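S.K.: Starting from these lines, generate the structure:
(chains A, B and C)
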Amino acid sequence: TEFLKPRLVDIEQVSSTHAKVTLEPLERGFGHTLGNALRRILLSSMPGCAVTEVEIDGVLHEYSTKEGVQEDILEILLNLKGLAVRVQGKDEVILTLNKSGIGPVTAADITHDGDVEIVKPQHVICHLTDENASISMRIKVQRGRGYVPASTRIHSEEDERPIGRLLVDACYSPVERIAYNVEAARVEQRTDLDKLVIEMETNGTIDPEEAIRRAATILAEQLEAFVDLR
Amino acid sequence: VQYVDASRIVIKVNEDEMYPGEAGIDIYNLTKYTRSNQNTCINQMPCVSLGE
Amino acid sequence: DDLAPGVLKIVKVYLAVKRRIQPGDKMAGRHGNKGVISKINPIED
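M.R.: Numbers count the residues shown, from 1 in each chain, chains lettered A, B, ... in the order given. This is the structure:
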């Protein structure tokens, strides 16, 4: 047993979303194993917050239309499904968006609380054209993983909610694209070692070293069933 | 364009194409979510902005 | 209200199902390549 252990040596941020990360040093042959395992876990099982229930005033169903806006209500629900939120303390928050006047409705117009952070201040939602038009929606942001859709969440929901709350599908995973590369490591005495260059592309809400730490804990606690029991 | 549009596209007409009487601005009716003959959804959405 | 005679109670209700895509639907290109979508894989695989 002449093995070693890797560390996160350099974490460069190319932008706020697209960001690479190294891993050093890996043993011979381990590079594609850890890279593919961290790819599968980091694409399947990461926790991220997303829009779940949207509550617009004076709008019954989602296939209607509204006074003073461009996008229709299905377009508004799609543009809200693309939203990227980052809460800290709670696991279920309610935001508020109120705006009148002619012009587009950015995501930066939501009257934020203290522990919610909207990381895309140019995300467009509506295009208010009438100056006498108003829009007051109340969003609900849960936190989970995977993909849970409206059909399954049509009876799963236990907390008897009132009628009038539009149900938006939940795209919870904040990782969208991940690639790993097994280079040749620059070790001063070893030539048979390699580095793993994971190139993540996030939703802006997840911190990459935190994501890698959580995926590593998921893999270790899954392998403990092999380690302890037989 | 005037673009009330929630209900209808309202187009102000340039003077060369515009009749002397009947001052006139064209108000297009958008057919929103309704039944087709094959139970699909025929729906019209405006692809022009305001003042364009 | 305005309609013909004979028929008395005339209530028409318009549902709108939203069908997504699922194992068993039929997709096709423009060239004659028919297909019944078999497995809806995860993103990772």
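
S.K.: Next to chain B, which bits of chain A? Give me the list.
M.R.: A:63, A:65-70, A:72, A:75, A:102, A:127, A:129-130, A:133 (CB under 8 Å from any CB of the partner chain). Every residue, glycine included, has its C-beta placed from N, CA and C.

S.K.: what about 10 Å?
M.R.: Selection of chain A residues close to chain B by CB under 10 Å from any CB of the partner chain yields A:61-72, A:74-75, A:102, A:127, A:129-130, A:133.

S.K.: Spell out which residues of chain C are next to chain A.
M.R.: C:14, C:16, C:18, C:20, C:42, C:43, C:44, C:45.

S.K.: residues contacting the last one?
M.R.: By CB atoms under 10 Å, 6 or more residues apart in numbering or on different chains, residue C:45 lies in contact with A:40, A:43, A:44, C:39.

S.K.: And the buried ones among the residues of chain A next to chain B, selectable in ChimeraX?
M.R.: Typed into ChimeraX, the line below selects the buried ones among the residues of chain A next to chain B, using 16 or more other CB atoms under 10 Å in any protein chain shown:
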select /A:62,65,66,68,69,70,71,72,74,127,129,130,133
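
S.K.: show me the contacts for the most centrally placed residue in chain A.
M.R.: Closest residue to the average C-alpha location of chain A: residue A:174 at 2.1 Å, with CA atoms, centre = their mean. Applying CB under 10 Å, 6+ apart, we find residue A:174 in contact with A:17, A:46-50, A:84-86, A:145, A:202-206, A:211.

S.K.: If we use 6 Å, what do you get?
M.R.: By CB atoms under 6 Å, 6 or more residues apart in numbering or on different chains, the contact set of residue A:174 is A:48, A:202, A:203, A:205, A:206.

S.K.: same question, residue A:181
M.R.: Residue A:181 touches residue A:197, counting by CB under 6 Å, 6+ apart.

S.K.: How far away from the center of its chain is the helix or strand hosting residue A:177?
M.R.: Taking DSSP states H and E as the definition, one finds residue A:177 inside strand A:175-182. The chain centre lies 15 Å from the centre of strand A:175-182; the measure is CA atoms, centre = their mean, to the nearest Å.

S.K.: Most neighbours out of the contacts of residue A:174, which is it?
M.R.: residue A:202 (24 neighbours; other CB atoms under 10 Å in any protein chain shown).

S.K.: so residue A:173 touches residue A:44, yeah?
M.R.: No: counting by CB atoms under 6 Å, residue A:173 stays clear of residue A:44, with 7.6 Å between them.

S.K.: which one of these two has more residues nearby?
M.R.: Using other CB under 10 Å as the criterion, residue A:173 and residue A:44 rank with residue A:173 on top: 21 against 18.

S.K.: Report back the residue of chain A that's furthest from centre.
M.R.: residue A:189 (41.1 Å).
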